[PDB]
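Protein chains in written order, with the deposited numbering: chain 2, 6 to 272; chain 2', 6 to 272; chain 4, 2 to 69; chain 4', 2 to 69; chain 1, 6 to 10, 20 to 302; chain 1', 6 to 10, 20 to 302. A prime marks a further copy of an entry chain.
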Amino acid sequence: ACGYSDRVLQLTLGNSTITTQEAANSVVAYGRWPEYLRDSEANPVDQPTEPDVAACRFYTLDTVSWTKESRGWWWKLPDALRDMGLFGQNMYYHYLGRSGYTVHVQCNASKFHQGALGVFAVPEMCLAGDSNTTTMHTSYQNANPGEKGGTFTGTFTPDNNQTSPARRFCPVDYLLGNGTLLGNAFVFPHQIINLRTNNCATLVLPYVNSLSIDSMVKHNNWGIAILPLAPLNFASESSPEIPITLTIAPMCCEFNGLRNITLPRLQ
Amino acid sequence: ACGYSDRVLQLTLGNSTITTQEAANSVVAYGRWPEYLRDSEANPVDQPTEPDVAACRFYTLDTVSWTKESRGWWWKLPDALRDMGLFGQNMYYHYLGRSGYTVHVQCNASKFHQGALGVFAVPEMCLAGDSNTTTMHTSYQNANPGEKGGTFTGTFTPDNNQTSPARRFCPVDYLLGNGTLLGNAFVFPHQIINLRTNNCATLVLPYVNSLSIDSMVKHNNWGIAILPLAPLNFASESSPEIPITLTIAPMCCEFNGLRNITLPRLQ
Amino acid sequence: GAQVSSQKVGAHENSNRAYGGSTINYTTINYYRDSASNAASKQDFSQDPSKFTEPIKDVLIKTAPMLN
Amino acid sequence: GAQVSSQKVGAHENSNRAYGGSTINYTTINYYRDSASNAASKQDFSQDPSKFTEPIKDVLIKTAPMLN
Amino acid sequence: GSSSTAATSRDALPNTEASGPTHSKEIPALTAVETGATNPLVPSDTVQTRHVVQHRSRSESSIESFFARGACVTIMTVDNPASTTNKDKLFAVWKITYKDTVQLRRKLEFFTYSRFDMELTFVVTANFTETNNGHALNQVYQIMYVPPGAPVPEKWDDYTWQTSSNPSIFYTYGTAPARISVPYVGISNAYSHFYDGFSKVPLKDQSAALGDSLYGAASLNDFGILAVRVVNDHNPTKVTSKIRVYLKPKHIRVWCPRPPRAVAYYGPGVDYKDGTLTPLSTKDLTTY
Amino acid sequence: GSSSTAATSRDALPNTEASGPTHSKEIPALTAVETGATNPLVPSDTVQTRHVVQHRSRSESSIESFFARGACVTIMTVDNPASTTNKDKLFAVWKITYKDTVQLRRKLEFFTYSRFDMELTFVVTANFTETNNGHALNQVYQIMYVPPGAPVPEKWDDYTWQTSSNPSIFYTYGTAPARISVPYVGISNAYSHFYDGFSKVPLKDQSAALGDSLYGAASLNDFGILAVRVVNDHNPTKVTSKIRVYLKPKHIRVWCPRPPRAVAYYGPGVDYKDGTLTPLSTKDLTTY
Ligand SMILES: CCCCCCCCCCCCCCCC(=O)O
Ligand SMILES: CCCCCCCCCCCCCCCC(=O)O
Ligand SMILES: *C(=O)CCCCCCCCCCCCC
Ligand SMILES: *C(=O)CCCCCCCCCCCCC
């Protein structure tokens, strides 16, 4: 009647707005919109900080590039937003924090391009390490890349330097980087950016954890995994490239246990 | 509101379903949906066989190829379905039969192709023969090609072998293969597959005859004629080709006068 | 303090004055104060799978185009 | 949730203020949720043998000629 | 006195409704999986169907029923040797976990989080080892739960086996397997099957060694240990014994489904090992 | 609270009625067995009778009562040898069936189809075999049901004995025989005692080998296997054991009566063997 459509959306949070004209509806993970911590589930007793529009707004991370050789990308939350404006400051000044998110993945191309990205949001996205001599050895620094994220690989390559081990993840793409088959990742909240259909993915994520609130600096609640289910192609070019951009807004974030700021060892 | 559309249809008969996303509505010939024979119009008194889903389902015939030199194609009904599953068996085991049909012609291409097919359903589609020395001489075998159908030609070529005459049709395209001008074939139930607009034609055909029921093995009730009203073209290629596929479902078919099976001379 | 519940009978004996038919019940009495000590009742609930099969914000009407 | 049923008494003790006479009953309580776990009740039904002994379409009257 | 007993696990699934031919703009068959939704079709959406009164139910695939089994989670070895042995009498210490074996672990790991009461059952077997004819009298075993912080036994007979506060089971050989229940004892609102994090934040101002910890590990799952001994004094003929521990999660709830483990387990985390990464076998695309 | 309890199995049969002399066109005695019917006569139809109050009943020949007995359907052998043996420790694998023995099989085969809950009882016995004086401690046995598709154990101690999902019974030697019940588990609406058909249609367009299958066989009756082991580790004195399995069909219904097996069984089908086809003995026609 007025022409409203699944494909055309506007999202506004704080001082930020996203528009899209080629959406494929949007997902609310497990049917649960983000929410503040109810009194009946509360646990730290101090009055929480709730930054509201100062932190619940769209932050855009560094753009990456999709090519025919890309195996996939991953980020962790809250880690990818640790250095984002007042969200990052509130996270590091407090022992505890909780937050939900709107995740908007952006990737446009043309009616002559093809390819499809699976965009998965995974609760507790534990990834496999690079070692066959020690388990659970990925270091804090390598497990937490911040906004640059990390990547998947098509080949497991064990680290053989036992003198100074690399201590990083070696996440194999068809094993979802965690020992399970990628074809089943669709039981996690997801969308697919299939270039002939849509140019974005939107996932609204509730805070998920076995606790009401926890250490954001120690623990990532959600992982975002983006993998090419169908490879990028274009006209008859051998090396096409198109960018992928992530923009994420915290939602209903609240924090407890205020003290001096955490200054983490990140390199 | 929900986005329902003329162009997007689903047809389901028996265990078969057709979908289309570029339809141009669909035609019900002479406004009459197929029906079983009413008691007030009945004639053989034996209890009829009505195969229902065993025969009233979509059968796909062998695909043909449209090129710049194609003059057109024709099929007859029930003949084109004579060897199709239980429809064919019920037809040959009974003296009498009647049936309506859903005819779905399929031909997709691209936004850079052009061309237009007239798809006509003709009651009693009598075609002209190849002879200028004998009339009404096309043989049963040549008049009934089965699912491969036959073709139209742009040139009348009289058979001059009077020793062993070919005895086949010589159907000239602009004379609709029957001595009348093709420009007037639109008074028959029809659709046009014009590649910029639609990729299919759907014709629902009632049983039409001067009798309530008749010999399917002797007599075809309907002809399907497909002719290029505008020739196939593409980019600047000299020899484009695109396939045309026919899928036809019998509807409300019923049969009388059961006996041993008819074994016809078809070659 | 007995709990009496009904059984879902699968194979029925030739009997309706004792077994197969006139609803066969069973009895449970908890012997311990701690509920962790209890047996499992197996009287469990089902739910709609939608939070996993249809987690989209705008309702899916299956007869309609998903994208519109 | 006890089931009380009667016994068919065969040998009766010299007693009618306790055993033999004033209907002797017995008690059953099912302890399991699965009915396959139940004992057999043995309270079973009989039927007419006609589906095997007289499966003829037209009724047999024994005093009459079978063929007529 | 007597208590007597909305879709339940044992309810019949929906009937199939009869449906006939169709020709319309309704398009159930066409869909768009990019949205993240699965198309909710039933057969009457794409074929003609008859009416069928459905009697099947999903009673055996409820979470409770999928998990209603004891699974072996460890084998503990103990012995009772002669007093003249150079070797110490063996008592066993096992850090409680479902990750030392693989079958229950894989089933629980279809989910991210769970809550349950735990039933533990103990099967105890014994045998002679020296080709001797000497005998032994029936053994009694002490299975002591030593929760985190309590003193772990260092000798089969030290003071810790007094168990004034730890729960202990004294099991008699040859009797019915021992069994206890435990409540949901997690320090969180649910057990975490996966913890994407660390127990320590490494600080810039501190040495790397001081801020280091294992990936994916936390006391979320430190439940302490079982310590087991043969209570009988040393005997001249040595007897060795094994205690098999079976875990059944009862009264269970689970959250956030996951793809199941597809390559062999490799330690208590999600790590995998080279040479085990090829679960699928060969099959040609157009071969049935 | 308390529930308290149309021809039943224990009802008295019909009384004999008194009947006197007769002279008429009524002809009960004459009949025609060509019709396929049995003549429904009682004694008062052909002789003079007195009145008799009948007290006998058919209570013990109801289907339930005819089958209310455990019957041995197999004997499984297992052992627990020294660790120094060249021979592997024997665990047993038995494909579940009532056709390895003959008595229950013949009774069930009075019928074409049946439905029942199954009660299985297990009697376990053990003995020494080497004339040695060495001893063994009381054994525990694991009886694991491995349903079709689950991994069958290849060694007495491999991972499959974890039983996270298969049901297992751990039986202790010297205690009451083990016992479980199973529901009617058939993939059909009744168990088929006879299946006149094949599991494969041989197709013209396919090799004969590819379309071949055994006559009368189908997964209608594939119920999987029981796998049994001695759980105790190897002992210096070898002990051998036997597990006898008894099957009682309870809560039973049966359909389509058949002539009983009259010549010796010969495999799991109806085949017979040369030399066994003469069940009847000699008796002269006019000799009482
Ligand atoms: C005498 C016996 C005492 C038994 C003591 C049981 C102690 C608690 C064990 C908790 C088991 C936890 C299973 C889930 C573990 C997880 O979080 O991954
Ligand atoms: C731990 C013990 C488990 C026992 C498992 C019992 C498995 C089902 C057995 C079905 C018995 C079928 C008897 C009739 C067979 C037939 O169809 O001929
Ligand atoms: C409800 O519990 C009252 C009905 C009591 C029925 C008999 C109880 C059977 C024995 C239970 C003993 C106590 C268990 C610790
Ligand atoms: C009906 O069941 C109520 C009357 C209860 C009578 C006493 C029950 C005896 C003990 C049964 C225990 C529960 C068995 C699992």
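Where a beta carbon is used, it is the ideal one built from N, C-alpha and C, also for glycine.
Problem - Distance, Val259 (chain 1) Cα to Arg72 (chain 1') Cα - result: Distance from the CA atom of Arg72 (chain 1') to the CA atom of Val259 (chain 1), rounded to whole angstroms, is 51 Å.
Practice task
Using a Cβ-Cβ cut-off of less than 8 Å, list which residues of the segment 23 to 51 of chain 1 approach chain 2'; keep chain order.
Solution key: Those would be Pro35, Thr36, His37, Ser38, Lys39, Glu40, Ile41, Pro42, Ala43 and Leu44, in chain order.
Problem - Under 8 Å from the C-beta of residue 14 (chain 1'): neighbouring residues of chain 1 - result: Examination of chain 1' shows a numbering gap from 10 to 20; residue 14 (chain 1') is inside it and therefore has no coordinates.
Practice task
Select from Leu91 (chain 2), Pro194 (chain 2), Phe117 (chain 2) and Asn189 (chain 2) the residue whose C-alpha is nearest the C-alpha of residue 299 (chain 2).
Solution key: Residue coverage of chain 2 in this structure runs from 6 to 272, which leaves residue 299 (chain 2) outside it and unanswerable.
Exercise for the section: For the segment 40 to 62 of chain 4', enumerate the residues whose C-beta is nearer than 8 Å to any C-beta of chain 1', in chain order. Expected result: When CB distances to chain 1' are screened at a threshold of 8 Å, the residues of the segment 40 to 62 of chain 4' falling below it are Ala40, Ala41, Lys43, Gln44, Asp45, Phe46, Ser47, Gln48, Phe53, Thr54, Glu55, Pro56, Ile57 and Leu61, in chain order.
Exercise for the section: Run down chain 4 in chain order and give the residues with a C-beta less than 8 Å from the C-beta of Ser10 (chain 2). Expected result: Close partners of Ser10 (chain 2) in chain 4 (Cβ separation under 8 Å): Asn69.
Exercise for the section: Could you work out which residues of chain 1' lie near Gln8 (chain 4'), taking near to mean beta carbons separated by less than 7 Å? Expected result: Under a criterion of Cβ atoms nearer than 7 Å, no residue of chain 1' is adjacent to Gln8 (chain 4'); the nearest Cβ is some 10 Å distant.
Problem - At least three beta-carbon pairs within less than 8 Å, the segment 91 to 101 of chain 2' to the segment 173 to 185 of chain 2' - result: no
Practice task
Inspect the beta-carbon positions of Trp175 (chain 1) and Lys103 (chain 1) and report whether they are closer than 8 Å.
Solution key: Contact: no.
Exercise for the section: Could you tell me whether the Cβ atoms of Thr63 (chain 1) and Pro57 (chain 1) are closer together than 8 Å? Expected result: yes
Practice task
Answer yes if the segment 241 to 258 of chain 2 comes into contact with the segment 52 to 71 of chain 2, meaning at least three C-beta pairs across the two stretches below 8 Å, and no otherwise.
Solution key: yes
Practice task
Under 6 Å Cβ to Cβ from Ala241 (chain 1), same chain only, skipping five residues before and after it: list those, please.
Solution key: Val107, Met158, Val160 and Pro167
Handout entry: DSSP beta-bridge partners of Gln4 (chain 4)
Key = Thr29 (chain 4) and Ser8 (chain 1)
Exercise for the section: Just the chain 1 side, please: which residues come within less than 9 Å of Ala12 (chain 4) by C-beta, in chain order? Expected result: Chain 1 residues near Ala12 (chain 4): none, gap ~14 Å exceeds 9 Å.
Problem - Reference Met89 (chain 2'), options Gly182 (chain 2'), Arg201 (chain 2'), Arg270 (chain 2') and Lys153 (chain 2'), closest by Cα - result: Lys153 (chain 2')
Exercise for the section: Let me know the secondary structure DSSP gives residue 4 (chain 2) once reduced to three states. Expected result: Since the first and last residues shown for chain 2 are 6 and 272, residue 4 (chain 2) lies out of range.
Problem - Per-residue DSSP class, three states only, for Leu180 (chain 2') - result: helix
Handout entry: Partners in chain 4' for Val160 (chain 1'), counting only beta-carbon separations shorter than 8 Å
Key = Simply none; closest approach about 20 Å.
Problem - Integer Cβ distance of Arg43 (chain 2') from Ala28 (chain 2'), believed to fall under 8 Å - result: Contact doesn't hold; Cβ gap of about 31 Å is too wide.
Problem - Beta-carbon spacing of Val192 (chain 2), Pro293 (chain 1) below 8 Å - result: no
Exercise for the section: Kindly say whether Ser16 (chain 4'), judged by its beta-carbon, lies nearer than 8 Å to any beta-carbon of chain 4. Expected result: no
Problem - Collapsed DSSP secondary structure at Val60 (chain 4) in the structure displayed - result: coil
Handout entry: Short Cβ contact (8 Å threshold) for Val196 (chain 1) with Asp114 (chain 1)
Key = In this structure, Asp114 (chain 1) does not lie closer than 8 Å to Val196 (chain 1) by Cβ.
Problem - Any non-hydrogen atom of ligand 4 within 7 Å of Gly2 (chain 4) CB - result: no
Practice task
Spell out a yes or no on whether the segment 141 to 157 of chain 1' and the segment 198 to 209 of chain 1' are touching, meaning 3 or more CB-CB pairs, one atom from each, closer than 8 Å.
Solution key: no
Practice task
Keeping to the same chain, check which residues put their C-beta closer than 8 Å to that of residue 5 (chain 2'); ignore five residues upstream and five downstream.
Solution key: What the structure shows of chain 2' is the stretch from 6 to 272, and residue 5 (chain 2') is not part of that stretch, so it cannot be assessed.
Practice task
Please find out if some non-hydrogen atom of ligand 6 comes closer than 7 Å to the beta-carbon of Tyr205 (chain 1').
Solution key: No copy of ligand 6 appears in this structure; the ligands present are ligand 1, ligand 2, ligand 3 and ligand 4.
Handout entry: Spatial neighbours of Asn17 (chain 4') in its chain, beta-carbon cut-off 8 Å, leaving aside the 5 residues before and after
Key = Take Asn17 (chain 4'), set aside five residues on each side of it, and the residues of its chain with a beta-carbon closer than 8 Å to its own are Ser23, in chain order.
Handout entry: Per-residue burial, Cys7 (chain 2') [other beta carbons within 10 Å of its own, 16 or more giving buried]
Key = Residue environment: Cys7 (chain 2') is assigned as exposed (fewer than 16 neighbouring CB atoms within 10 Å of its CB, all protein chains considered).
Exercise for the section: In the DSSP assignment, find the alpha helix (DSSP H) that holds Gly159 (chain 2) and state where it starts and stops. Expected result: DSSP places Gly159 (chain 2) outside any alpha helix (DSSP H), giving it a letter other than H or E.
Problem - Per-residue burial, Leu237 (chain 2') [other beta carbons within 10 Å of its own, 16 or more giving buried] - result: buried
Exercise for the section: Assuming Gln15 (chain 2') and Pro42 (chain 1) form a contact by the criterion Cβ under 8 Å, report the distance between their Cβ atoms to the nearest whole angstrom. Expected result: Contact holds; Cβ gap of about 7 Å.
Problem - Own chain residues within Cβ distance below 7 Å of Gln117 (chain 1), not counting five before or after - result: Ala85
Exercise for the section: Would you tell me roughly how many angstroms separate the C-alpha atoms of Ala235 (chain 2') and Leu180 (chain 2'), rounded to the nearest one? Expected result: Going by the C-alpha atoms only, they are around 16 Å apart.
Problem - Contact list for the segment 33 to 47 of chain 2 against chain 4, Cβ threshold 7 Å - result: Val33, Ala34, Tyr35 and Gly36
Practice task
Could you tell me the boundaries of the beta strand (DSSP E) in which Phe125 (chain 1') lies?
Solution key: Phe125 to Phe142
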